[PDB]
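Visitor: Chains as they are written, first to last, in the numbering used here: chain P, 5 to 558; chain U, 414 to 819.
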Amino acid sequence: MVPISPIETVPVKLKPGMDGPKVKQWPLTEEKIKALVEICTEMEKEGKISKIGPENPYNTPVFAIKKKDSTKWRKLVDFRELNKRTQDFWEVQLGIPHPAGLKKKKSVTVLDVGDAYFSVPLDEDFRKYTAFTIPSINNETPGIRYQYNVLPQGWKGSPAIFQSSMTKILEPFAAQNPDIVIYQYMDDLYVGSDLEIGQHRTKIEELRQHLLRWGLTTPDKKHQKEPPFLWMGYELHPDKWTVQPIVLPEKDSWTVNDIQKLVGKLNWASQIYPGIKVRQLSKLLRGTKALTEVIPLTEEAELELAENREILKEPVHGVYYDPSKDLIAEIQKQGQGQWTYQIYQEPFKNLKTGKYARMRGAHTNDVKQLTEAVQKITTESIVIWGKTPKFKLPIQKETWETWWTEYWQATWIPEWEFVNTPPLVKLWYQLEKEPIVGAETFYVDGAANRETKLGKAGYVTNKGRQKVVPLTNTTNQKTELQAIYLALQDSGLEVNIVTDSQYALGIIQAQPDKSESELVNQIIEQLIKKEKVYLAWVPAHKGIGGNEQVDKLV
Amino acid sequence: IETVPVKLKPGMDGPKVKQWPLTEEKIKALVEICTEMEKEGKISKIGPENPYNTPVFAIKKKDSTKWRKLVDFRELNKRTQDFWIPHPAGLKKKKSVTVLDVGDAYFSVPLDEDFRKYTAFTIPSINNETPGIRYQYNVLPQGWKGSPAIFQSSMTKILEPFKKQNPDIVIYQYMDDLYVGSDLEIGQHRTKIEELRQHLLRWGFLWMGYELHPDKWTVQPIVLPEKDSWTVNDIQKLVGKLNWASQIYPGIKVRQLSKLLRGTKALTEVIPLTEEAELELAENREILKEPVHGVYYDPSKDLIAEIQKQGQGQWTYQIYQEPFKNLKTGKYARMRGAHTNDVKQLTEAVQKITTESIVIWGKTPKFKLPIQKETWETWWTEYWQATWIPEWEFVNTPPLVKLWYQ
Ligand SMILES: Cc1cc2cc(C#N)ccc2c(C)c1Nc1ncnc(Nc2ccc(C#N)cc2)n1
Ligand SMILES: [Mg+2]
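Structure, rendered in structure tokens:
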């Protein structure tokens, strides 16, 4: 007899105010009953479960399932009700590792730890909540009452406790062997290293020996899992990685569900396949909510799908992370609020790729979107590589300085260099800080009746120039914008504009180069064509001449 | 040697806040620190039966090459019970106030067992390749609201001799910070501070100090331009600013000044001031020189701080409780390694304003930052040097009242 260290139990309790499960046992066929009796008998032999007296008031339904029309049955304990009453745990499975942040390994061996699962004891004061009853033949005898002594499969706290205990066991080994890496997934332990294969095999045997200290025996045979590994949608190779084969289906008609699947695959493939666009395909799913509803594909979306098919023509792989080298992220504008980026260390050898779509809003510009993209890539990089990459952006230094030194908000971009690859991000207009000498002064105003929705928009100038335009189906704000639009239309290359609209000023001071509103867009187009524009604000109804509200009060 | 029972608020479970991404340097620092803390019995490893979590990261104090572990107990502090001192109003009237870091002291008092599970935190790994290292506190944690309240009884008896020996020096305590103010000469002030920290070290990094000058804290009144020739634009801006000031000061009139703008004139055209206009403007100045009517502080209300970016490294700010009722106004133009960084400037600004607010009223204000949420949340930790963390929201619409405060 060789003494093995007992595995420390995790103190598990039920949710406060809740009691254990008390679910009736379902009626079974004689066949299923005999099967379950045999199975639970051998399980009791192994020490997984134990017979309990009539005192235990709790019960969990147990079922028998015939495995794919075979000669053997299988036990299935429905722990749903117990899981509803079981406390929350610290799930470490949240946030899986990304392949782009991994380091290349010369050897990656896999060990089976399915037998190590049943060596993890359940908390003694909690076992009574895992009680279940095997129905007796013809219900003429008291049913057989069992309870779990180990972590029950399907139970809420099983994976967390298993992972925590296993980690606590492997910790000193991983600590005293820094030349290897150990990762746990399901019933499998993965060990990787760059050591010579002999030293590597030695390390593996030492790991098994270490696991023997807790009586954990791993199968003494070559595991059926060799590189590459299929993992969480990835293909993991020793020196490279990729996504599992993305197959875009051929269809003459597409439903909502089909488009959702398509955009799903595209989004998943966009992390290694550069240039993947999804806007024209995602904008077809605007307020549908009907998985069977067939939506006609626009030409704009058909073309996008075609381009996507061209990109996914041949397999593309990504390299692993080399901590000794510098990290670089380059960004390009795709238009329609779409952005794409690549993250690499050595040229033409991407660690990963990605994309960014503009947020939902009424107005926006390319500079803001670029900033947001930079922030996203930064956060993702800190997640994956633990540091900020050096950026290559399609924007002049002068442009950025002019932007952030004049922008009303505080904005910042980490260390970056300019890369001359069109379309470049630019400022399309720049309002003056002081009034313009010699330029005509356009006092503008707009006003609309709330009931009849009738309005007027117009201007008066110092040269005597005037205009008042009647409008139907409009609001106060729309008229106020319309006035500015008129002032921009009928003025020279340089113009001063006086408005009392805090709304319009609030929009133009945000400096958009694109908008949902056609009126604002027209205003922008007018702004771009100008040489100098000064926009001044004054309080309304304060007897300020020029502010001719009287031409709008009608 | 004995612990005081601590519980949460009725109907509230412990905090479950996610750990935000940490850089490599900060992770190494936090591991290195928490190792020694575990060796000293300050913290302990926990199992999967503890679902609670509080964000944690690392900083560097004012001019120091040693990392400091900082925990974001903001969620725990608003869920923990209200531990039930009248704020020293003389603290903001002293000539010099040195800030000390007496946080380590808290590590000498054991925390209530049944509460420890709530101070759980996680040191993350890069790319989550290894499981995160989980800890919980055995002693009073830094940054927690309960720590200064519990240690108060000890701190009092600790400072009794120094306080009895110096009845002029005003001492205040907020979180992990000890504000010590006096009217002594700066040298003698520093001697008293060093004497105090040596009085604390003997009593069982407290070597750093942060000197402030509340007497030199200038306030911002509302000022109007003084010109010899006024253009149409000048008068328009004047009328606008006065119209804004009318919401604060009642007697503000702009009628006569507005009479000058009648007729559609060019913005650059100079307009000679009439007598009624000049009189009106004068009266307006006289009104603006007076304090704001009916301005009081309410300890039960929230302090709100608004910040405006004025450009060229200049920022303006206002602390109030009710709209148009400023309890404090100010302006900054600091050059602290942030010549080409707006976010660093804004962060330092937030810290300064918060410090002032702690000195004056005894609690932190709720900030309204002129910055996008993502941008701020991405970078603010890289420039933070305070042991506390205030609350903040974001303003996405450009306020028209920017230039009026400049
Ligand atoms: C985080 C992780 C997940 C795994 C998932 C599987 C699966 N299925 C197998 C092994 C896994 C391993 C060792 C991991 N951990 C880890 N830490 C540092 N570097 C690496 N590099 C690495 C380099 C090539 C390969 C390959 N081929 C795998 C990992 N991996
Ligand atoms: Mg009007």
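Beta carbons are placed, not taken as given, at the ideal position from N, Cα and C, and that holds for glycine.
1) Could you tell me the boundaries of the alpha helix (DSSP H) in which P:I315 lies?
2) Grab me the residues of P:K356's own chain with a C-beta within less than 7 Å of its C-beta, minus the 5 sequence neighbours each way, in chain order.
3) I'd like the list of long-range same chain contacts for P:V114, defined as Cβ closer than 6 Å, with 5 residues on each side in sequence excluded.
4) By Cβ distance below 6 Å, which residues in the same chain neighbour U:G556 in space, the five residues on each side in sequence not counted?
5) When every heavy atom of ligand 2 is checked, does at least one fall within less than 6 Å of the C-beta of P:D504?
6) Is it the case that the CB of P:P231 approaches a heavy atom of ligand 1 more closely than 6 Å?
7) Counting only runs of 3+ residues fully inside the region 693-723 of chain U, write out the beta strand (DSSP E) ranges in chain order.
8) Beta carbon of P:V267, beta carbon of P:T292: below 7 Å?
9) Taking 7 Å as the threshold (beta carbon to beta carbon), is P:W94 in contact with chain U?
10) Can you check the region 42-66 of chain P for any beta strand (DSSP E) of at least 3 residues that lies completely inside it and give the ranges in chain order?
11) Using a 10 Å radius around the Cβ and a threshold of 16 neighbouring Cβ atoms, would you call P:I184 buried or exposed?
12) Quick one: which chain P residues come within Cβ less than 8 Å of U:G454?
13) Shorter than 6 Å, the distance from the beta carbon of P:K226 to the closest heavy atom of ligand 1, or not?
14) By the criterion of Cβ-Cβ separation under 8 Å, what are the contact partners of U:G676 in chain P?
15) Straight-line CA distance for U:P580 to U:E806?
16) With 7 Å set as the bound, which would you pick, yes or no: does the beta-carbon of U:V444 sit closer than that to a beta-carbon of chain P?
17) Sorry if obvious, but does the Cβ on P:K353 come closer than 6 Å to a heavy atom of ligand 1?
18) Give me whichever residues DSSP pairs with P:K353 in a beta bridge.
19) Terminal residues of the continuous alpha helix (DSSP H) containing P:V558?
20) Going along the region 508-524 of chain P in order, which residues come within less than 8 Å of chain U, judged by CB to CB distance?
21) On the DSSP bridge list, what partners appear for U:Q586?
22) With which residues is U:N466 paired in a DSSP beta bridge?
23) Determine, for U:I784, whether the minimum Cβ-Cβ distance to residues of chain P falls below 7 Å.
24) With U:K678 as the anchor, note down where its alpha helix (DSSP H) starts and where it stops.
25) Which residue's Cα is closest to the Cα of P:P427: P:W408, P:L397 and P:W420?
26) Taking Cβ-Cβ distances below 9 Å as the criterion, which residues of the region 498-532 of chain U are in contact with chain P?
27) Which of the three DSSP states, helix, strand or coil, is assigned to P:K110?
28) Give a yes or no on whether the minimum CB-CB distance between P:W412 and chain U is below 7 Å.
29) Confirm, please, whether the CB-CB distance from P:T13 to P:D127 is below 7 Å.
30) For P:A540, which beta-bridge partners are listed by DSSP?
31) Out of P:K482, P:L435, P:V499 and P:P351, which one is the CA nearest neighbour of P:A508?
32) Give, in chain order, every residue of the region 5-37 of chain P whose Cβ lies closer than 8 Å to some Cβ of chain U.
33) Tell me the rounded alpha-carbon separation between P:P146 and P:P139.
34) Which bits of chain P does residue 407 of chain U rub up against, with CB to CB less than 8 Å?
35) Thinking U:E795 and P:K391 are a contact (beta carbons under 8 Å), I'd like their distance in whole angstroms, please.
36) Is P:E376 helix, strand or coil when you go by DSSP?
Guide: The relevant details are as follows:
1) The count along the first sequence starts at 1 and reaches residue 315 of chain P at position 311. Residues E303 to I315.
2) The sequence position of residue 356 of chain P within the first sequence is 352, counting from 1. Only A104, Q275, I276, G322 and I347 meet the Cβ criterion.
3) The residue you call residue 114 of chain P lines up with position 110 of the first sequence. So the list reads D192, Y194, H227 and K229, once near-sequence residues are dropped.
4) Reading the second sequence from its first residue, position 143 is the one you call residue 556 of chain U. Within the same chain, U:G556 has close Cβ partners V484 and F486.
5) Residue 504 of chain P sits at position 500 when you count from the first residue of the first sequence. Checking the Cβ of P:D504 against ligand 2 gives yes.
6) Your numbering for residue 231 of chain P matches position 227 in the first sequence. In terms of side-chain proximity, the C-beta atom of P:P231 is found nearer than 6 Å to a non-hydrogen atom of ligand 1.
7) Complete beta strand (DSSP E) runs here, min 3: none at all.
8) The sequence position of residue 267 of chain P within the first sequence is 263, counting from 1. The sequence position of residue 292 of chain P within the first sequence is 288, counting from 1. With a cutoff of 7 Å on beta-carbon distance, P:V267 and P:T292 are scored as not near each other.
9) Translated into the one-based positions of the first sequence, residue 94 of chain P becomes position 90. Judged by the 7 Å Cβ criterion, P:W94 is in contact with chain U.
10) 53-55
11) For this step, residue 184 of chain P is matched to residue 180 along the first sequence. Buried is the call here.
12) Indexing the second sequence from 1 puts residue 454 of chain U at position 41. Ordered by position in chain P, no residue passes the 8 Å Cβ test against U:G454, which lies about 20 Å from the chain.
13) For the purposes of this step, residue 226 of chain P is taken as the residue at position 222 of the first sequence. Because no heavy atom of ligand 1 lies under 6 Å away, the Cβ of P:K226 does not count as near it: no.
14) Looking up residue 676 of chain U in the second sequence gives position 263. Those are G549 and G550, listed as they occur along chain P.
15) Counting from 1 along the second sequence, the entry for residue 580 of chain U is found at position 167. Counting from 1 along the second sequence, the entry for residue 806 of chain U is found at position 393. Their backbone Cα atoms lie some 41 Å apart in a straight line.
16) Locating residue 444 of chain U in the second sequence gives position 31, counting from the first residue. By this cut-off, U:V444 is not an interface position.
17) Along the first sequence, one-based indexing puts residue 353 of chain P at 349. Result no, Cβ not under 6 Å from ligand 1.
18) On the first sequence, residue 353 of chain P is found 349 positions in, with the first residue counted as 1. According to DSSP, which records beta bridges pairwise, P:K353 is partnered with P:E350.
19) Along the first sequence, one-based indexing puts residue 558 of chain P at 554. That residue, P:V558, is in no alpha helix (DSSP H); it is neither H nor E in DSSP.
20) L509, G510, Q513 and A514
21) Position 173 of the second sequence, counting from 1, holds the residue named residue 586 of chain U. Its beta-bridge partners are U:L591.
22) The residue given as residue 466 of chain U occupies position 53 in the second sequence. In the DSSP assignment, U:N466 is bridged to U:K429.
23) What you label residue 784 of chain U is simply residue 371 of the second sequence in a count that begins at 1. Chain P, which has a Cβ nearer than 7 Å to the Cβ of U:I784, makes this yes.
24) In the second sequence, the residue the question calls residue 678 of chain U occupies position 265. Careful: U:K678 lies outside any alpha helix (DSSP H) and carries neither H nor E.
25) As a first step, residue 427 of chain P is located in the first sequence; it is residue number 423 there, counting from the start. With distances taken between Cα atoms, P:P427 lies closest to P:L397.
26) none
27) The sequence position of residue 110 of chain P within the first sequence is 106, counting from 1. Reduced to three states, the DSSP call for P:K110 is coil.
28) As a first step, residue 412 of chain P must be located in the first sequence, where it is residue number 408. For P:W412, the answer is yes, since a Cβ of chain U falls inside 7 Å of its Cβ.
29) The residue labelled residue 127 of chain P in the question sits at position 123 within the first sequence. The residue labelled residue 13 of chain P in the question sits at position 9 within the first sequence. Contact flag set, yes.
30) Within the first sequence, numbered from 1, the residue matching residue 540 of chain P stands at position 536. DSSP output for P:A540 lists P:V502 as bridge partner(s).
31) The residue you call residue 508 of chain P lines up with position 504 of the first sequence. Out of P:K482, P:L435, P:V499 and P:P351, P:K482 has the C-alpha closest to the C-alpha of P:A508.
32) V14, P15, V16 and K17
33) Reading the first sequence from its first residue, position 142 is the one you call residue 146 of chain P. Reading the first sequence from its first residue, position 135 is the one you call residue 139 of chain P. Answer to the nearest angstrom: the Cα atoms are 8 Å apart.
34) As displayed, chain U neither begins before 414 nor continues past 819, which places residue 407 of chain U out of reach and without an answer.
35) Position 382 of the second sequence, counted from the start, is the residue given in the question as residue 795 of chain U. Position 387 of the first sequence, counted from the start, is the residue given in the question as residue 391 of chain P. Actually they are not in contact, since the Cβ atoms of U:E795 and P:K391 sit about 12 Å apart, beyond 8 Å.
36) Your numbering for residue 376 of chain P matches position 372 in the first sequence. The answer is helix: DSSP assigns P:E376 an H, G or I state.
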